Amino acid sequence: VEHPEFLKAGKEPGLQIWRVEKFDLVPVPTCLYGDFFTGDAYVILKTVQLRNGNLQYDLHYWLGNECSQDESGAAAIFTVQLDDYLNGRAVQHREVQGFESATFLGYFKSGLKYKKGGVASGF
(Lines of atoms letter the chains of each structure in order from A and count residues from 1; the text may use other names and numbers.)
(Lines give C-alpha, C1' and ligand atoms only; values in the text may rest on other atoms or scores of the structure.)
Protein backbone atom coordinates (compact mmCIF):
# COMPACT_ATOMS: atom_id res chain seq x y z
CA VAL A 1 0.00 0.00 0.00
CA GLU A 2 1.48 3.27 -1.43
CA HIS A 3 -1.19 5.08 0.68
CA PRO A 4 0.59 8.32 1.47
CA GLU A 5 -0.77 8.05 5.14
CA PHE A 6 0.79 4.67 5.66
CA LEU A 7 4.23 6.16 5.00
CA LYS A 8 3.65 8.55 7.92
CA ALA A 9 2.57 5.88 10.42
CA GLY A 10 4.29 4.62 13.51
CA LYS A 11 7.47 6.71 13.07
CA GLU A 12 7.88 8.09 16.65
CA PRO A 13 6.12 7.63 19.97
CA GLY A 14 2.59 9.17 20.21
CA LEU A 15 -0.85 9.08 18.69
CA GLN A 16 -2.22 9.36 15.17
CA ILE A 17 -5.86 9.45 14.15
CA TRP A 18 -7.52 9.10 10.77
CA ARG A 19 -11.13 9.27 9.81
CA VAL A 20 -12.75 7.07 7.18
CA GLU A 21 -14.12 9.52 4.57
CA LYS A 22 -15.74 7.97 1.47
CA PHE A 23 -13.54 4.86 1.31
CA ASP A 24 -10.33 6.73 2.09
CA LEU A 25 -8.21 7.25 5.24
CA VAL A 26 -8.04 11.01 5.91
CA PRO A 27 -5.91 12.43 8.74
CA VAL A 28 -7.69 14.19 11.63
CA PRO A 29 -6.28 17.73 12.47
CA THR A 30 -4.31 17.33 15.67
CA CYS A 31 -6.39 20.09 17.33
CA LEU A 32 -9.54 17.91 16.97
CA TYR A 33 -8.10 14.75 18.46
CA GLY A 34 -10.62 13.32 20.88
CA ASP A 35 -13.81 14.85 19.47
CA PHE A 36 -15.49 11.91 17.78
CA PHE A 37 -18.37 12.26 15.27
CA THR A 38 -20.82 9.49 16.26
CA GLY A 39 -21.77 9.28 12.61
CA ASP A 40 -18.20 8.29 11.65
CA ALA A 41 -15.55 5.56 11.93
CA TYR A 42 -11.94 6.29 12.82
CA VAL A 43 -8.54 4.58 12.81
CA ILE A 44 -6.25 5.37 15.70
CA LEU A 45 -2.54 4.34 16.02
CA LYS A 46 -0.82 4.46 19.37
CA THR A 47 3.04 4.24 19.07
CA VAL A 48 4.65 3.65 22.63
CA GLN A 49 8.47 3.46 23.22
CA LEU A 50 9.45 0.87 25.91
CA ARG A 51 12.28 1.36 28.49
CA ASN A 52 14.68 -0.48 26.07
CA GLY A 53 13.29 2.00 23.55
CA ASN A 54 11.80 -0.52 21.08
CA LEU A 55 8.62 0.68 19.24
CA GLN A 56 5.16 -0.73 20.26
CA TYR A 57 1.95 -0.40 18.19
CA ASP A 58 -1.74 -0.63 19.20
CA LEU A 59 -4.23 -0.05 16.48
CA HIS A 60 -7.78 0.90 17.44
CA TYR A 61 -10.66 1.30 15.08
CA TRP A 62 -13.51 3.29 16.61
CA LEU A 63 -17.09 2.84 15.41
CA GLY A 64 -19.69 5.62 15.94
CA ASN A 65 -23.27 4.61 16.83
CA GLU A 66 -24.47 6.06 13.50
CA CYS A 67 -21.59 5.22 11.14
CA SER A 68 -22.82 3.54 7.97
CA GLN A 69 -21.68 0.01 7.04
CA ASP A 70 -19.12 1.19 4.45
CA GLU A 71 -17.43 3.33 7.10
CA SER A 72 -17.22 0.65 9.77
CA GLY A 73 -16.19 -1.92 7.12
CA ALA A 74 -13.48 0.36 5.73
CA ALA A 75 -12.15 1.07 9.19
CA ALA A 76 -11.82 -2.71 9.84
CA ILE A 77 -10.08 -3.30 6.50
CA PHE A 78 -7.78 -0.28 6.80
CA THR A 79 -6.76 -1.55 10.20
CA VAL A 80 -5.68 -4.89 8.74
CA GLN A 81 -3.85 -3.18 5.88
CA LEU A 82 -1.98 -0.82 8.21
CA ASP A 83 -1.10 -3.76 10.44
CA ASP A 84 0.31 -5.74 7.39
CA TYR A 85 2.14 -2.60 6.41
CA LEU A 86 3.71 -2.45 9.94
CA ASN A 87 4.82 -6.07 9.48
CA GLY A 88 2.05 -7.55 11.68
CA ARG A 89 3.38 -5.86 14.81
CA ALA A 90 0.26 -3.80 15.78
CA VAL A 91 -2.32 -5.29 18.17
CA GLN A 92 -5.76 -4.54 16.69
CA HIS A 93 -8.71 -3.38 18.87
CA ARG A 94 -12.35 -2.78 17.98
CA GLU A 95 -13.67 0.22 19.93
CA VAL A 96 -17.44 0.95 19.92
CA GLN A 97 -18.91 4.28 21.01
CA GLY A 98 -19.95 3.92 24.65
CA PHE A 99 -17.89 0.81 25.24
CA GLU A 100 -14.26 1.77 24.66
CA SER A 101 -11.40 -0.06 26.50
CA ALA A 102 -9.85 1.93 29.42
CA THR A 103 -6.60 1.79 27.45
CA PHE A 104 -8.12 3.64 24.53
CA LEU A 105 -9.98 6.10 26.76
CA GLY A 106 -6.57 6.70 28.49
CA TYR A 107 -5.14 8.05 25.24
CA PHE A 108 -7.13 11.24 25.55
CA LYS A 109 -5.84 13.42 28.32
CA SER A 110 -8.86 15.68 28.76
CA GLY A 111 -11.33 12.77 28.13
CA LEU A 112 -12.77 11.94 24.72
CA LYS A 113 -16.00 13.63 23.62
CA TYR A 114 -18.87 12.58 21.24
CA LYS A 115 -20.60 14.85 18.76
CA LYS A 116 -23.35 14.09 16.23
CA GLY A 117 -22.97 14.08 12.51
CA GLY A 118 -19.93 13.72 10.30
CA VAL A 119 -19.02 12.76 6.72
CA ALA A 120 -21.70 11.04 4.58
CA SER A 121 -21.60 7.36 3.56
CA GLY A 122 -19.56 6.55 0.40
CA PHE A 123 -22.25 4.11 -0.80
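Numbering starts at 1 and runs along the sequence shown.
- The mean C-alpha temperature factor is higher for 54-62 when 54-62 and 87-95 are set side by side.
- The PDB entry reports B-factors from which the mean C-alpha value can be compared for 76-84 and 24-32; the larger average falls on 24-32.
- Ranked against the other modelled residues of its chain, the C-alpha B-factor of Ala102 as given in the entry falls in the middle third.
- When the modelled residues of the chain are ordered by C-alpha B-factor, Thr47 sits in the highest third.
- Split the chain's modelled residues into thirds by C-alpha temperature factor. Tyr114 is in the middle one.
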